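Undergrad: The structure follows.
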Amino acid sequence: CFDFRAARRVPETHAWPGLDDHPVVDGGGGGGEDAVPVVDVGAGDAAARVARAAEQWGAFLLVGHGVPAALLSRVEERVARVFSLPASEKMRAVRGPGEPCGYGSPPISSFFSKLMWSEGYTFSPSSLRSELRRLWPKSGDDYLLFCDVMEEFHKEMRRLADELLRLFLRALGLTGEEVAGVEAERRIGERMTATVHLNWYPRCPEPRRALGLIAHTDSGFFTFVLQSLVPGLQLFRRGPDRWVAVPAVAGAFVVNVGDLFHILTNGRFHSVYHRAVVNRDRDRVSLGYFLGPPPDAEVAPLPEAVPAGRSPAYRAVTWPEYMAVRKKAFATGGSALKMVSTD
Ligand SMILES: C=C1C[C@]23C[C@H]1CC[C@H]2[C@@]12CCC[C@@](C)(C(=O)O1)[C@H]2[C@@H]3C(=O)O
Ligand SMILES: O=C(O)CCC(=O)C(=O)O
């Protein structure tokens with residue numbers, strides 16, 4: 001389709017009016033009130049740092065996670081490789097209307113009239129080998145290397161995801177022994193599912209006009225973002241309204257808290273609104289690794305998160321139910337969280 005590589009300007013179909021409505025501030029370590037929080041997952045005070053970041057930002061940089069740097073670099077190379085394929089091959093794996101996986105813009109794109117300056121690809125790690133055969137129907141080197149790197153990455157990330165979930169629950173102020181009780185009763189970590197979305201943001205000749213990824217919250221529990229060392233992720237903060245530019249830090253993931261975790265925590269942990277901007281000089285690739293419940297599980301505020309005497313702030317919803325609420329929210333200009341809230 002549209003050739004991002006050849007465009008010498010951004011055409012009106014790809015031009016967004018609002019983009020500088022709010023100021024952008026630096027979120028590096030010298031950024032003050034707006035330095036993005038960093039959490040070292042192996043530090044003894046990780047739970048406390050996760051608490052503060054989840055409450056005040058809904059996001060944090062994550063270091064010390066143990067995922068080998070050599071593996072992360074191979075992941076980024078494979079991801080770049082998918083998007084350097086010819087258009088004709090990519091379209092062989094197109095994600096058709098309403099389909100969950102394949103090559104194409106993510107589902108938020110269909111709700112907006114202007115088009116994003118990026119490409120995407122969604123797959124589920126649990127059926128990676130079969131899904132990726134749509135892209136490489138005769139298998140071969142690129143296919144086998146891609147599946148090998150993504151399989152190993154999924155094994156490391158699913159473990160990290162279980163470690164982070166335990167930290168998030170501790171960060172509600174529960175002891176390790178109480179968290180074990182929650183996990184034993186609800187099996188949240190045992191049951192959560194992972195989905196991957198790959199993003200390619202090509203260089204853009206008029207960055208003030210184009211938008212890499214439409215501003216949104218993630219719908220699920222929480223997401224790990226792995227990105228090339230080119231900046232572009234921005235996190236919205238209020239009072240006053242502003243975008244915080246997340247720094248590109250070697251060996252960090254960014255964790256974003258999503259809507260269903262806002263529900264799970266009775267509103268305690270913020271679901272972060274975020275977007276990705278393009279840039280003039282460098283392409284960059286990112287991968288989101290999205291955690292959420294299985295399709296049959298109801299998500300409602302945890303009793304341990306609801307203060308004593310108080311009522312739950314949100315109704316119970318399954319993820320498929322909540323996706324329908326999101327779709328309605330996108331069309332009507334509303335907020336899916338408000339729509340399932342008890343007020
Ligand atoms: C598991 C997921 C999570 C999805 C839906 C599905 C696959 C792709 C994910 C994203 C990725 C990009 C933006 C978002 C808002 C989108 O449009 O697609 C995300 C969405 C969500 O957070 O709900
Ligand atoms: O590309 C980024 O840094 C944003 C990733 C993200 O927001 C997503 O893919 O949902």
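Identifiers in this document derive from the order of the structure tokens: chains are assigned A, B, ..., residues are numbered from 1 separately in each chain, and ligands are numbered from 1 in order of occurrence.
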Using only C-alpha atoms and all ligand atoms, what table do you get, as a tab-separated table, when you list each residue of chain A with an atom no more than 8 Å from ligand 1, its nearest pair of atoms, and their distance in Å rounded to one decimal, rows by chain then rising number?
TA:
```
residue	atom	partner	partner_atom_place_in_ligand_line	distance
A:100	CA	ligand 1	7 (C)	6.8
A:101	CA	ligand 1	7 (C)	7.7
A:105	CA	ligand 1	17 (O)	7.9
A:106	CA	ligand 1	17 (O)	4.4
A:107	CA	ligand 1	17 (O)	4.3
A:108	CA	ligand 1	17 (O)	3.7
A:109	CA	ligand 1	17 (O)	6.6
A:122	CA	ligand 1	7 (C)	6.1
A:123	CA	ligand 1	7 (C)	7.9
A:194	CA	ligand 1	1 (C)	7.3
A:195	CA	ligand 1	1 (C)	4.9
A:196	CA	ligand 1	7 (C)	6.8
A:197	CA	ligand 1	8 (C)	5.4
A:213	CA	ligand 1	13 (C)	7.5
A:214	CA	ligand 1	13 (C)	7.7
A:216	CA	ligand 1	15 (C)	6.0
A:217	CA	ligand 1	15 (C)	6.4
A:218	CA	ligand 1	22 (O)	3.3
A:219	CA	ligand 1	23 (O)	4.1
A:220	CA	ligand 1	22 (O)	5.8
A:258	CA	ligand 1	22 (O)	7.3
A:288	CA	ligand 1	11 (C)	7.1
A:290	CA	ligand 1	1 (C)	5.6
A:291	CA	ligand 1	1 (C)	7.4
A:292	CA	ligand 1	1 (C)	7.6
A:323	CA	ligand 1	23 (O)	7.1
```
Undergrad: Distance table requested - chain A against ligand 2, cut-off 7 Å, only C-alpha atoms and all ligand atoms: one row per qualifying residue with the closest atom pair and its distance in Å to one decimal, ordered by chain and rising residue number, as a Markdown table.
TA:
```
| residue | atom | partner | partner_atom_place_in_ligand_line | distance |
| --- | --- | --- | --- | --- |
| A:197 | CA | ligand 2 | 9 (O) | 5.8 |
| A:198 | CA | ligand 2 | 9 (O) | 6.7 |
| A:199 | CA | ligand 2 | 1 (O) | 6.1 |
| A:213 | CA | ligand 2 | 4 (C) | 7.0 |
| A:218 | CA | ligand 2 | 10 (O) | 6.3 |
| A:225 | CA | ligand 2 | 5 (C) | 5.9 |
| A:227 | CA | ligand 2 | 3 (O) | 6.2 |
| A:232 | CA | ligand 2 | 3 (O) | 6.4 |
| A:233 | CA | ligand 2 | 3 (O) | 4.4 |
| A:274 | CA | ligand 2 | 7 (O) | 6.3 |
| A:275 | CA | ligand 2 | 7 (O) | 6.1 |
| A:276 | CA | ligand 2 | 2 (C) | 5.4 |
| A:286 | CA | ligand 2 | 1 (O) | 4.9 |
| A:287 | CA | ligand 2 | 9 (O) | 6.3 |
| A:288 | CA | ligand 2 | 9 (O) | 4.8 |
```
Undergrad: Can you tell me which residues surround residue A:39 at a distance of at most 12 Å, considering only C-alpha atoms, apart from same-chain residues fewer than 3 positions away, and format the answer as a short mmCIF file (atom, residue, chain, number, x, y, z; two decimals) with N, CA and C atoms, in the first residue's frame?
TA:
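That gives us out_8.cif:
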```
data_model
loop_
_atom_site.label_atom_id
_atom_site.label_comp_id
_atom_site.auth_asym_id
_atom_site.auth_seq_id
_atom_site.Cartn_x
_atom_site.Cartn_y
_atom_site.Cartn_z
N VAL A 36 10.54 9.78 33.97
CA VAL A 36 9.92 8.45 34.06
C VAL A 36 10.59 7.60 35.14
N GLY A 42 15.02 -6.83 40.44
CA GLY A 42 15.68 -7.60 41.47
C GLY A 42 16.03 -6.83 42.76
N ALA A 43 15.72 -5.53 42.83
CA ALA A 43 16.02 -4.75 44.05
C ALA A 43 15.02 -5.05 45.16
N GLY A 44 15.49 -5.02 46.41
CA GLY A 44 14.57 -5.36 47.49
C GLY A 44 13.39 -4.42 47.67
N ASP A 45 13.49 -3.20 47.15
CA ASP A 45 12.39 -2.28 47.27
C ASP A 45 11.56 -2.19 45.95
N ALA A 46 11.68 -3.19 45.09
CA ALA A 46 10.92 -3.17 43.83
C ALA A 46 9.41 -2.97 44.02
N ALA A 47 8.79 -3.72 44.94
CA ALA A 47 7.34 -3.58 45.19
C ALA A 47 6.91 -2.14 45.48
N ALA A 48 7.67 -1.47 46.33
CA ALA A 48 7.38 -0.06 46.69
C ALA A 48 7.51 0.89 45.49
N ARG A 49 8.55 0.70 44.70
CA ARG A 49 8.73 1.52 43.50
C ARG A 49 7.62 1.24 42.49
N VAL A 50 7.24 -0.03 42.38
CA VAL A 50 6.15 -0.38 41.46
C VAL A 50 4.86 0.27 41.93
N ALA A 51 4.64 0.30 43.24
CA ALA A 51 3.43 0.93 43.79
C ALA A 51 3.32 2.38 43.39
N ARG A 52 4.38 3.14 43.66
CA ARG A 52 4.42 4.57 43.36
C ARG A 52 4.27 4.82 41.88
N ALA A 53 4.98 4.05 41.06
CA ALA A 53 4.89 4.28 39.59
C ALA A 53 3.52 3.91 39.06
N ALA A 54 2.97 2.80 39.53
CA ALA A 54 1.64 2.36 39.01
C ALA A 54 0.55 3.35 39.42
N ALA A 59 2.98 3.58 34.54
CA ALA A 59 4.08 3.13 33.66
C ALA A 59 5.40 3.28 34.40
N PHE A 60 6.41 2.56 33.95
CA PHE A 60 7.77 2.77 34.47
C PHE A 60 8.73 2.05 33.52
N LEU A 61 9.97 2.50 33.47
CA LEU A 61 11.06 1.71 32.87
C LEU A 61 11.42 0.54 33.79
N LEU A 62 11.76 -0.61 33.18
CA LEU A 62 12.01 -1.81 33.95
C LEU A 62 13.41 -2.29 33.62
N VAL A 63 14.30 -2.31 34.62
CA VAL A 63 15.65 -2.83 34.39
C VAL A 63 15.88 -4.01 35.30
N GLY A 64 17.04 -4.64 35.14
CA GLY A 64 17.43 -5.74 36.02
C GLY A 64 16.59 -6.99 35.83
N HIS A 65 15.96 -7.12 34.66
CA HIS A 65 14.97 -8.18 34.45
C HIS A 65 15.55 -9.52 34.06
N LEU A 164 6.54 -9.88 37.53
CA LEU A 164 5.94 -8.56 37.66
C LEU A 164 4.54 -8.60 38.26
N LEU A 167 4.86 -8.65 41.88
CA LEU A 167 5.22 -7.33 42.39
C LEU A 167 4.02 -6.38 42.40
N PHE A 168 3.22 -6.42 41.33
CA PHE A 168 2.04 -5.53 41.29
C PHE A 168 1.10 -5.84 42.44
N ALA A 252 16.35 -1.59 28.82
CA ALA A 252 15.12 -1.38 29.63
C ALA A 252 13.91 -1.81 28.79
N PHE A 253 12.85 -2.31 29.45
CA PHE A 253 11.54 -2.39 28.83
C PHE A 253 10.79 -1.19 29.36
N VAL A 254 9.67 -0.82 28.73
CA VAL A 254 8.78 0.12 29.43
C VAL A 254 7.58 -0.74 29.80
N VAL A 255 7.08 -0.67 31.05
CA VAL A 255 5.84 -1.39 31.42
C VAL A 255 4.70 -0.36 31.42
#
```
Undergrad: Give me, as a ChimeraX atom specification, all polymer residues having an atom no more than 7 Å from stretch 17-21 of chain A, counting only C-alpha atoms and skipping those fewer than 2 positions away in the same chain.
TA: /A:15,23,208
Undergrad: Output N, CA and C atoms of each residue in that selection to a file, as a short mmCIF file (atom, residue, chain, number, x, y, z; two decimals), in the first residue's frame.
TA:
```
data_model
loop_
_atom_site.label_atom_id
_atom_site.label_comp_id
_atom_site.auth_asym_id
_atom_site.auth_seq_id
_atom_site.Cartn_x
_atom_site.Cartn_y
_atom_site.Cartn_z
N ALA A 15 -2.27 13.17 7.68
CA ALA A 15 -1.99 14.35 8.49
C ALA A 15 -2.96 14.55 9.66
N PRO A 23 1.99 20.29 25.33
CA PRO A 23 3.44 20.37 25.28
C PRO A 23 4.08 19.00 25.55
N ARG A 208 5.60 16.93 12.15
CA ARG A 208 4.57 17.68 12.86
C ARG A 208 3.19 17.32 12.34
#
```
Undergrad: Apply DSSP to the backbone of this structure and, from stretch 53-187 of chain A, keep only the residues in strand (DSSP E or B); write these as a PyMOL selection string.
TA: chain A and resi 59-63+94+102-103+119-123
Undergrad: Quick one: residues within 10 Å of residue A:143, only C-alpha atoms counted, chain neighbours fewer than 6 positions away excluded, as a ChimeraX atom specification?
TA: /A:78,82,129,132-133,135-137
Undergrad: Please report the interatomic distance between atom CA of residue A:86 and atom CA of residue A:104 in Å with one decimal.
TA: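 Atom CA of residue A:104 lies 13.8 Å from atom CA of residue A:86.
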Undergrad: Atom CA of residue A:331 and atom CA of residue A:55 are how many Å apart?
TA: 28.4 Å
Undergrad: Considering only C-alpha atoms, state which residue in the set A:180, A:110, A:84, A:156 is at the smallest distance from residue A:96.
TA: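 The answer is A:110, which sits nearest to residue A:96.
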Undergrad: Restricting the calculation to only C-alpha atoms: of A:120, A:230, A:12, A:343, which residue gets closest to residue A:312?
TA: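 Between A:120, A:230, A:12, A:343, the residue approaching residue A:312 most closely is A:343.
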Undergrad: Of the residues A:250, A:116, A:305, A:6, which is the one nearest to residue A:68, using only C-alpha atoms?
TA: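 Nearest candidate to residue A:68 out of A:250, A:116, A:305, A:6: A:250.
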Undergrad: Please provide as number ranges by chain all residues within 10 Å of residue A:154, with the sequence filter that same-chain residues fewer than 5 positions apart are discarded (counting only C-alpha atoms).
TA: A: 124-126, 128, 149, 159-160, 194-196, 289
Undergrad: Emit the selected residues as a compact mmCIF listing (two decimals), in the first residue's frame, including C-alpha atoms.
TA:
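Saved file out21.txt follows:
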```
# COMPACT_ATOMS: atom_id res chain seq x y z
CA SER A 124 0.04 -15.00 19.54
CA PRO A 125 3.17 -16.67 20.94
CA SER A 126 1.11 -19.81 21.65
CA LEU A 128 3.59 -18.48 16.53
CA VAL A 149 14.15 -16.07 18.52
CA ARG A 159 8.46 -15.72 33.37
CA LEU A 160 9.15 -11.98 33.75
CA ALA A 194 0.31 -13.15 26.08
CA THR A 195 -0.22 -11.45 22.66
CA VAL A 196 2.47 -9.72 20.61
CA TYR A 289 4.02 -8.03 24.78
```
Undergrad: Tell me which of A:201, A:222, A:146, A:2 sits closest to residue A:285, counting only C-alpha atoms.
TA: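 The closest residue to residue A:285 is A:201.
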Undergrad: As a ChimeraX atom specification, please: every residue in stretch 151-297 of chain A that DSSP puts in alpha helix (DSSP H).
TA: /A:151-170,176-186,188-191,259-264
Undergrad: For residue A:278, which residue among A:206, A:89, A:119, A:178 is the nearest when counting only C-alpha atoms?
TA: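 Distance minimum relative to residue A:278 lands on A:206.
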Undergrad: Would you please work out which residue, of A:317, A:192, A:69, A:80, is nearest to residue A:162 when using only C-alpha atoms?
TA: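 Comparing A:317, A:192, A:69, A:80 against residue A:162, the winner is A:192.
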Undergrad: If you count only C-alpha atoms, which residues fall within 7 Å of residue A:14, apart from same-chain ones fewer than 6 positions away, as a PyMOL selection string?
TA: chain A and resi 114-117+210
Undergrad: I need the chosen residues saved as a PDB file, in the first residue's frame, with N, CA and C atoms.
TA:
```pdb
ATOM      1  N   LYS A 114      -8.061   9.611   9.913  1.00  0.00           N
ATOM      2  CA  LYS A 114      -6.667   9.811   9.402  1.00  0.00           C
ATOM      3  C   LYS A 114      -5.830   8.547   9.655  1.00  0.00           C
ATOM      4  N   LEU A 115      -4.791   8.346   8.853  1.00  0.00           N
ATOM      5  CA  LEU A 115      -4.001   7.115   8.918  1.00  0.00           C
ATOM      6  C   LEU A 115      -2.638   7.309   9.614  1.00  0.00           C
ATOM      7  N   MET A 116      -2.202   6.268  10.306  1.00  0.00           N
ATOM      8  CA  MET A 116      -0.989   6.304  11.146  1.00  0.00           C
ATOM      9  C   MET A 116       0.244   6.090  10.268  1.00  0.00           C
ATOM     10  N   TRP A 117       1.386   6.615  10.730  1.00  0.00           N
ATOM     11  CA  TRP A 117       2.607   6.515   9.929  1.00  0.00           C
ATOM     12  C   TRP A 117       3.373   5.335  10.499  1.00  0.00           C
ATOM     13  N   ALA A 210       2.470  13.909  10.900  1.00  0.00           N
ATOM     14  CA  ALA A 210       2.150  12.489  10.993  1.00  0.00           C
ATOM     15  C   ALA A 210       2.200  11.990  12.453  1.00  0.00           C
TER      16      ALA A 210
END
```
Undergrad: If I take atom CA of residue A:211 and atom CA of residue A:246, how far is one from the other in Å, to one decimal?
TA: 16.1 Å
